[PDB]
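Comments concern the structure below.
All of the numbers you see were taken from the coordinates with simple rules; none came from a lab. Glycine also receives a Cβ, built like all others from the backbone with ideal geometry; neighbour counts cover every protein chain displayed.
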RNA sequence: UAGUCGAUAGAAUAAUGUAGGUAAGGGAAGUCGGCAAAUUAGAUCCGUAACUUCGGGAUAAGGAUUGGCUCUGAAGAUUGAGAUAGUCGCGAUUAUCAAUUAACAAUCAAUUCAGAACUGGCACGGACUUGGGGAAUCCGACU
RNA sequence: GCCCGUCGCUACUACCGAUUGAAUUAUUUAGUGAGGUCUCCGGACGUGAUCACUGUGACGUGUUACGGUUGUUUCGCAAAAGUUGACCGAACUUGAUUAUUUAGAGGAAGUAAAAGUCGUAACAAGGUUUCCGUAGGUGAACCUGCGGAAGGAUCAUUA
RNA sequence: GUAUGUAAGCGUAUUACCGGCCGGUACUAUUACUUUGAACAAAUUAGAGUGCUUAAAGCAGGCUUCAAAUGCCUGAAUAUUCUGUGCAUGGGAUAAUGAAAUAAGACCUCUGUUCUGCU
RNA sequence: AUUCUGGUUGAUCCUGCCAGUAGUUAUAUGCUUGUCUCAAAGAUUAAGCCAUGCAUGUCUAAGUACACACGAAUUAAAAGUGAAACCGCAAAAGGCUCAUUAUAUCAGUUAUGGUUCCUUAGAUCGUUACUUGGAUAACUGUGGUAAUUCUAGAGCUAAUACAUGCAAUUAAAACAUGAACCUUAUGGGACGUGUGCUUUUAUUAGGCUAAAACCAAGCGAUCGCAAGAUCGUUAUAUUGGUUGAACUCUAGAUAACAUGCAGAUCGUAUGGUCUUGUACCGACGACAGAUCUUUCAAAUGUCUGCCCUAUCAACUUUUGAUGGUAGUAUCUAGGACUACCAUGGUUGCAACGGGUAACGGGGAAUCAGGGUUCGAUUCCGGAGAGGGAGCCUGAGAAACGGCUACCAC
């Protein structure tokens, strides 16, 4: 009821995974209220300007996105403050780069170039399935898309392939404990594979215990666990090195090693 | 003005709660509708988020339900008999949640003559005969059917003794279970088994 | 207790027993459905047998007991359908490199399903839909009520 | 009720009186001096100091309220019911038992104390009864 | 040799204290109470639908429709000033209360004291060992009385 | 030849299934404490990566290459302070608590005995 | 960097504080001060008071243009662009300050079956004017008070304002109760009102281990010419549901309810097909819109924690104190409020009260560590806007760079 929303987001109060540089600006781009939650969402303003370097300023981002060149999941996206978070396909039609926003092992978004046929779909984790609104059951995804009349075997925390051109379900992977996963924030964020087991604690905070392909085992809450696949074959193209999470020192050894200049 | 907030009025330690917040509109409360017995007025109130919740002032009519028979009909609210919360409410004839209401009973009864052909209480030779449409409903015939349906019904048809007294007297005990101050309508449970037995003691003691 | 005799006729929302028209009868005389308290918490069987209205009861009422599960000791049984518990614990203050033993005294609703609730009972309480100012809890299990000697009746 | 109506009366009913009252606005300026006069007063409720010999001060101070009518509750006395059996014609006669029990119920008594409406033009101790109060000082302890 | 207080000068500080001082603050009884809102009304006004009188058309003078800053009789929906009863209640007045500040005749301390006046109190048994509790008296110190201790001047000897 | 610290055996709480010792299920004295997990806002604090020309620190920028060129690219970690607490988990030491000696004591089992009670 | 050093004396050793001594994003002040980068900064006291200026206004192809503002010319041209004004949305907070305020705020920890959510993202509306009606701004003209401004009066004219409500506004279908028909009823029905989403009430289906011997209406089969009498293999006694569940949960049936919705929009761009009615039917997204989710949120509630003080020990219950019950209020639980009914609730584990240069936390300072101190301020949350109270709008303000009032200025 009370107060806000209050539309002004200060830089430094701004989610760190974006990598906004402190200086030059007191004020953060504040993704408008869309399908993706404000901390988990990569504004079009940061993605075009800071990463892709097509835009120098905020004034340049509104010029490009007004031109309707940034067509996030089947939609023109006129708004430069549009949130566009997880599994979202950003297609810069001229010249053609085709992106999915997926997560770095450092819990940051990546610039990830996907095939133009991979760009057709996307993977949606299902929040909730409820019965009553037209034409009688409906399924709602984490990207707020409601897909009417879901297959009756689709249960909460499953993933669906969405055709995007039409809003249809055209695959579903049951939450079963050897399915390939990418975890979305806890601290374990974009680490990958393969969910050994869940331990259900009734009311609440069901913990999923996950074993990566380095055989390292780690744990996150079920709300953070997104199912993307089958053990071995992920349905979408993962960013390099496949969220394995070494240590920073082991990465330092590999990095230092990799140059003869 | 009128304010919810737990933060007024002495702690359980008796500690003096100082101030902190003027009165906020977050805490808002608003003057009671105090809905009277009479001519059908309903007013919209803008309630937080947007939504109209209806304050009824002056409601004649309600939806009073026979739970046992699973049928509710629209009947005039004749009177307010009792109120457990305040005796002043009875006098002013304000329609409240669980205010005891005496109905009107006439459309209920016509249909239960038309489900059982058992006149519920046992009426009278000119009263049955005089069909507006009493006697026509009773006799019916068509050979055959609807008479056959009355044969099927009635191991159940005896109708509770308390209810039969109330039925022909034309005034039936009920409790309104709606807030016509926020729900804009005055609608009730018709007192059946246990519901009558506690209230009937209260009627004859209080009067 | 009382024969639920208050100025109002005590009824639970949505249960009127239907005598008239709907398929007959196998005994019990009561349409009272009763709970499984389920964080493996077992029901007292007086819930199912309870004439008592209590709308603030999870067993007979439309309420969730939502959230924090805490164990404490009843200090005062005095109130009709509520009890006081004192919980006493060590809070370690690093500065004083020792604790202070500290208390919180909190009122918690005893549904009248729970019988022989007496000071000093160990009781499992759940945070409730916050029920009447100092009463911010409801009893989910009386884990004591007890009398480790008294359970089997002394000669 | 019993006893009076005799206090010489009538008419006028002046001043001045006596005895009884009232007076705007201001409110002790009056005077030797608040003298005289007025305020106050009963009851119930709330609240209650300096000081103190702890008993008082105290009706401290300071506040609220009071009719009528119409209801309601509380506060007592006394036996009786209920159930069963036998005999004679519901009536009469005989036998049994403790619980029942806070009005058990029933009936009789006689007013007290409380609460709620309605109600009148603030009218409500309405007549009458009936402390003005507080702060100090001098003096004798006190009646 | 040490040396203290009384007494007196001066300077400074805080206390008690007639005034039942003064000031400000937050709670508080009672009374008074703006305004808003809710709510009982009100009808400044303005139309419908119906009726007429006139004009016109249609229909069998009448009726119906339309127009005429039109008039009038039914009965509706909106509706201002004002306004009823309620609840919130700023604010004010007067008692009570609390915290905080500060005037003050005068009394009565201590201090800086440093050139003073009067004594020798204690420091050696300080010429009366010291010193405590407590009372009274001495200008004061202190003395004295009663019971003490040793921090004594006896760590003791002395059938 | 030791050593046994590590592993498995054997003596009223590792008993019992199902599916092929494993992994569930059925599981079990309360706590304080303690163990390991998640859950710990950024800045700060410590500090990684990096010549902000030094540096405070910024979070830049370096590279084949000042060729031709988005081509190759590492990045803006990790910890702790946001304590205690709470959540979840392990231990059974330490300090308390626990039946049952006026035994309606603990199991189990026999009364179809009893009461509740059914698709 | 776990550090001392000077000072009681004739000399000497401790007790001791004092001084020296070092640091302080920790403030002041002096003197001196060429250059570089960086920047706290009317907090403390006066959360005092304020002249003058400014910080909150807003238009696209896209609600409404008959601005002669510009553009007009050739065909009916208005259309274009777009100030004004209507309409819609913002103004609820950025910013500032930290007073009140000590479990309060708040952090961490969490809940919401205790609730609201514009917006955005995504989906949803086949139960006789089809594009109508008239009044007002802007405008035009005339005015008012010394005035900001507030507007009076007269005369126009728009709508994604308003008022209605059809030709895709459509009923059918099936189920209820009405019933033509038939027959004994394992039983079913033409045609009908009613049956859209919603709002509002009540009731219910809801979370269901396996078999038999009988009886009444007989479903197959059998026995009997019949009349009659037996038996029986099987589907099946079947909304789920978060899960502390008899949730009114996302949703429905039966019986009743009230009343919103379903576009008389606009801009892009016009096609198919002529019987060319200027017919029929058609894409996108802007703004509505109803149900539902999501998102920005939010209010309340859990656990645990805060300085000094006993020269504050009992405290809360006049009038909710603390509990029951029922109501009322509200967005919601709720003594928040009120009747009635109980006598509770809090306390040496320091309650109640008083004080605080006392917002809280994240944090900062100073260190051997342990701590001690700090925080008014660069963030987060909350609070307030002279002190207080009340209110409208709107998804949201008990708003002050809104209003209305009082008191003080």
The Cα radius of gyration of the protein assembly as shown, divided by 2.2 N^0.38 Å with N its residue count, comes to 1.33
Fluctuation leader among B:15, B:157, B:193 - chain B, Gaussian network, Cα springs under 10 angstrom: B:15
Just to be sure I understand: with springs between alpha-carbon atoms less than 10 Å apart, which residue in A:86, A:172, A:54 has the highest mean-square fluctuation in the Gaussian network model of chain A? A:54
Please list A:125-136, B:71-82 highest first by mean number of surrounding beta-carbon atoms within 10 Å per residue. B:71-82, A:125-136
Using Cα-only point scatterers and the Debye equation, what is log10 of I(q)/I(0) for segment A:125-261 at each q in 0.16, 0.17, 0.21 Å⁻¹, rounded to two decimals? -0.87, -0.95, -1.27
FRET efficiency for residue C:36 and residue A:211, using Cβ-Cβ distance with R0 set to 45 Å, rounded to 0.05: 0.85
What is segment A:98-161's relative contact order, in percent, from Cα pairs under 8 angstrom and six or more apart in sequence? 27 percent
Of the peptides C:4-12, B:148-156, how do they stack up when ordered by the mean number of other Cβ atoms within 10 Å, highest first? C:4-12, B:148-156
Three principal axis extents, largest first, for the C-alpha atoms of segment A:217-261, in Å? 43, 22, 14
For chain B, fraction of C-alpha pairs farther apart than 24 Å, in %: 56 percent
Packing rank of A:1-7, A:93-99, A:55-61, A:69-75, where each peptide gets the mean count of other beta carbons within 10 Å, highest leading: A:69-75, A:55-61, A:93-99, A:1-7
Take the alpha-carbon centre of segment B:144-163, take the same for segment A:223-261, and report the distance between them in whole Å. 78 Å
Residue-span extension gain [residue A:197 to residue A:221] - 0.36 nm each, minus C-alpha spacing: 7.4 nm
Rounded to whole Å, give me the distance from the Cα center of segment A:13-67 to that of segment A:107-181. 26 Å
Could I have the simple spin-label model distance between residue C:12 and residue C:132, label points 7 Å from Cα toward Cβ, reported in nm to one decimal? 2.0 nm
Would you calculate the separation in nanometres between label points at residue B:124 and residue B:110, each defined as 7 Å from the Cα along the Cα-to-beta-carbon direction? 2.1 nm
For peptide C:12-21, compute the average count of partner chain beta-carbon atoms within 10 Å of each residue's beta-carbon. 6
Any idea what angle helix B:193-206 forms with the longest principal axis of chain B, computed on alpha-carbon atoms, 0 to 90 degrees, nearest 10? 70 degrees
Alpha carbon convex hull of chain A, volume per residue in cubic angstrom: 179 Å³
Would you mind computing, in nm to one decimal, how far apart the modelled labels at residue B:182 and residue B:45 are, each placed 7 Å from Cα along Cα→Cβ? 0.9 nm
Taking Cα pairs under 8 Å and at least six residues apart, what relative contact order does segment A:122-261 come out at, in percent? 18 percent
Classified through the alpha carbon gyration tensor (a ≥ b ≥ c as square roots of its eigenvalues; rounded if a/c is under 1.5, else prolate when a/b is larger than b/c, else oblate), segment C:113-155 comes out prolate
Work out Dmax and Rg for segment B:72-192 from the C-alpha atoms and quote the Rg first, both in angstrom. 17.2, 56
Expressed as a whole number of Å, what is the distance separating the alpha-carbon centroids of segment B:118-138 and segment C:36-88? 54 Å
Please state, rounded to one decimal and in Å, the Kirkwood hydrodynamic radius that segment A:80-138 gives when every pair of distinct Cα atoms enters the mean of 1/r. 13.7 Å
For peptide B:194-204, how many partner chain Cβ atoms fall within 10 Å of a residue's Cβ, on average? 3
Just to confirm the number: angle between the C-alpha axis of helix B:106-116 and the first principal axis of chain B, 0 to 90 degrees, nearest 10? 50 degrees
Comparing C:75, C:64, C:45, which has the greatest mean-square fluctuation in the GNM of chain C with Cα pairs linked when under 10 Å apart? C:45
Can you report the principal axis dimensions of segment B:132-184 using only the alpha carbons, biggest first, rounded to whole angstrom? 51, 26, 23
Stretch gain in nm, segment residue A:115-residue A:244, where the contour uses 0.36 nm per residue and the Cα spacing is subtracted: 44.1 nm
Over all distinct Cα pairs, what is the inverse of the mean 1/r for segment B:1-67, reported as the Kirkwood hydrodynamic radius in Å? 15.6 Å
Test item: B:60-68 mean partner chain Cβ contacts at 10 Å: 2
